[PDB]
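In the block that follows, a single chain appears as structure tokens, in the form deposited in one PDB entry.
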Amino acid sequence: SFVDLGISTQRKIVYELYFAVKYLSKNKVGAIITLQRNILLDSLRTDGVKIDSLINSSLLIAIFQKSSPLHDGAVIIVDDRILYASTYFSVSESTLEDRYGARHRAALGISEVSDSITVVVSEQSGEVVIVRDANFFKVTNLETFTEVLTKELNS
């Protein structure tokens, strides 16, 4: 998991996610990006496309554009690799405030059955939340994104 990775790989992962999330939030492009940790997600997802790409912000941006056939569903990141795109989780049965949608219910569902950390970008507002252990954490100042994500990945 993340804590096992070398520091340069740790920093690369958060940096590429930051630059992708910055673009997606700014342009109000919806996204679900799940980082696997100790619980293997392979048996907790359905459908999707195996990509097995090195993590890169440009590719993550491309994946979630509306003209991309991969923009629906979730990206799964394992270590420094974008392993899957367009994969689907069992959504949470919990009810959320009206401002949240299916991306958040999906992120909540996978966080309920795993120790994964999920980043959601809202298509409506560009709002960015980090989802872990059935909890939301709003990231209103994206200049703190790198700090907050790293802390969550080390919990």
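Note that residue numbering follows the sequence shown and begins at 1. What we label the rigid core is the largest C-alpha set whose atoms superpose within 1.5 Å from one form to the other. Shifts are known only where both forms have a C-alpha.
The form deposited in another entry exists for this protein as well; it is not shown, and the discussion that follows is about that form.
Only one candidate in 96, 54, 40, 49 has its Cα displaced by 2 Å or more between this form and the one not shown after core superposition: 96. CA of residue 99 to CA of residue 74: closer by 3 Å or more in that other deposited form than in the shown form. Three angstroms is the minimum change: in that other deposited form, the CA atoms of residue 98 and residue 73 sit closer than in this structure, by 3 Å or more. After fitting on the rigid core, only one stretch of 3+ residues whose CA atoms all move by 2 angstroms or more between this form and the one not shown is found, at 90-100.
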